[PDB]
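Peer 1: Structure for this input, please:
(one chain, ligands or ions: 1)
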Amino acid sequence: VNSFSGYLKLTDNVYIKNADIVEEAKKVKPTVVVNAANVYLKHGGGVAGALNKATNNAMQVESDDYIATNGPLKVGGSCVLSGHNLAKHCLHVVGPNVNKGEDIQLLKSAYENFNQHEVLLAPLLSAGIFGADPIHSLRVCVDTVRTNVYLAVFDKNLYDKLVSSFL
Ligand SMILES: O=C(O)C[C@@H]1CN(c2ncnc3[nH]c4cc(F)ccc4c23)C[C@H](CO)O1
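Peer 2: Residues are numbered from 1 along each chain as shown. See below for the structure:
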């Protein structure tokens, strides 16, 4: 039993809710919240900008030190950093950005990072400003992630479409 509430169950291990991931993280305090990161960990907008704003920019300060030490992430890659006031940990995962011409096949690699964590609160990777089709992202998620993932979908209209079209 865990503390996630109001989710629709899609599969054995994937759950979905119309929710603001920031508000969900603050209420749940999950062990892991996933950020929709870019390779530079520049958290300017979308999910990343919202999450970073909720940390009062502490996420960005920590991220800048990470990049100065380690250099950029790979598209499809990830790193574990602090969850600040939102979660114990933040798993920063880089899905391909269609608006930069990155290969959508890397979306599966991105979701594979979730399998290193038993339970996660996450957005749909490569959705929103990353330009991928969220219906496709959900399909890849269900077909790749084996651990327990709680998906927060900000847009109610999109949430209803994801549920109604789910095979
Ligand atoms: O679909 C859309 O219209 C945009 C969404 C945005 N993003 C989010 N996901 C879940 N929680 C979110 N809280 C936010 C607060 C913000 F200020 C900006 C974005 C989010 C956000 C990912 C999905 C992928 O499908 O796309």
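Peer 1: hey, let's count contacts and neighbours off CA atoms from now on
Peer 2: Fine.
Peer 1: For the chain, list the residues in contact with the ligand, please.
Peer 2: Neighbours of the ligand within the chain, by Cα under 6 Å from any ligand atom: 20-21, 46-47, 50, 123-124, 127-128, 134, 152-155.
Peer 1: Of the residues you listed, which belong to strands?
Peer 2: Among these, the residues falling in strands (DSSP state E) are 152, 153.
Peer 1: hey, what's residue 149 bridged with?
Peer 2: residue 14, residue 120 (DSSP bridges).
Peer 1: follow-up on the earlier one: the residues of the chain next to the ligand: which two are farthest apart?
Peer 2: Taking Cα to Cα, the two most distant members of the residues of the chain next to the ligand are 50 and 134; they sit 18.7 Å apart.
Peer 1: Now the buried members of the residues of the chain next to the ligand.
Peer 2: Burial by neighbour count, judged by 16 or more other Cα atoms under 10 Å, picks out 21, 47, 50, 123, 124, 127, 128, 134, 152, 153, 154 from the residues of the chain next to the ligand.
Peer 1: ok, and the closest non-adjacent residue to the fifth one?
Peer 2: Closest residue to residue 124 apart from its sequence neighbours, by Cα to Cα, 6 or more residues apart in numbering: residue 137 at 6.1 Å.
Peer 1: From residue 4, how far out is residue 65?
Peer 2: 32 Å (Cα to Cα, to the nearest Å).
Peer 1: And those two? Which one has more around it.
Peer 2: residue 4 (16 against 11; other Cα atoms under 10 Å).
Peer 1: Count the neighbours of the closest residue to the more buried one other than its chain neighbours for me.
Peer 2: Distances taken as Cα to Cα, 6+ apart put residue 28 closest to residue 4, at 6.7 Å, once the chain neighbours are dropped. Residue 28: 16 surrounding residues under other Cα under 10 Å.
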